[PDB]
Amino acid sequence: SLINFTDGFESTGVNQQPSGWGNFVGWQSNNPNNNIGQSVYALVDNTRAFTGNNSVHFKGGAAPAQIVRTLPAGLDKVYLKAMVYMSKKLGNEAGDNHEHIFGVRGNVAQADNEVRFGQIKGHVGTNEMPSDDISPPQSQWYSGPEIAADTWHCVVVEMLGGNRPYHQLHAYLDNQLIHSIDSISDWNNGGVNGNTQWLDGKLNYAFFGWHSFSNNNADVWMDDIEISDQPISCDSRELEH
């Protein structure tokens, strides 16, 4: 209703930043050096794709490599979805700090006010900034469902904000629930400093890519991105490839 967006990257040339998207590359919003000569980039690639010719290829690590899209004013909730292919797994990973593929941010220039989905402490899940809280709690770290390397996955994240008693997040892999934030006790460290409305101010930009706080370089490809304020799920082709 406020946004119904899809992108398969098919109209953008190879080695170019996806048309219509901004970037967050090397900790800089709209880095002017997002190009195939750098070690960190977010560029269209026609050598791997889920549909059509093209995907977006993120090459990064500790230095983020992301595309970023503005979200409409007044969103209460958002759904992020993509076909995702990664060089390493997420989940069930000893030694991890945290790493993420999808998120929303409040301020374009900074990664210090955002919600980050991928894994935390080696379990699929979420990190919020600026609290630096993480979900799930410590009991579940370094275990749980895996998002395997070297295959296409259909990943969906639902973020429910606005006028409800407690903001929520649900993440899915191939339409199976793999992570939930339903109440304050789903956070490790006291629940985003006690803020029940913890998506407030976060839904200004959507971002996709690779960002590791575990010192791991990766290559990630995404295709068939969808962003909506109404629910999204994976279709027969995305499930059964």
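Quick note: we count residues from 1 along the sequence shown, nothing fancier.
Averaged over their C-alpha atoms, the temperature factors of 42-50 and 185-193 are higher for 185-193.
Higher mean CA temperature factor, per the PDB entry, when comparing 75-83 with 107-115: 107-115. Within the group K59, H211, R69, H179, the record's highest C-alpha temperature factor is found at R69. Sort the modelled residues of the chain by CA B factor and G91 lands in the lowest third. In the deposited entry, the Cα temperature factor of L199 sits in the middle third of values across the chain's modelled residues. Placement of the Cα temperature factor of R164 within the chain: highest third of the modelled residues, per the deposited record.
Ranked by C-alpha B-factor against the other modelled residues of its chain, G37 falls in the highest third. Among all modelled residues in this chain, the alpha-carbon of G125 has a temperature factor (C-alpha) in the lowest third.
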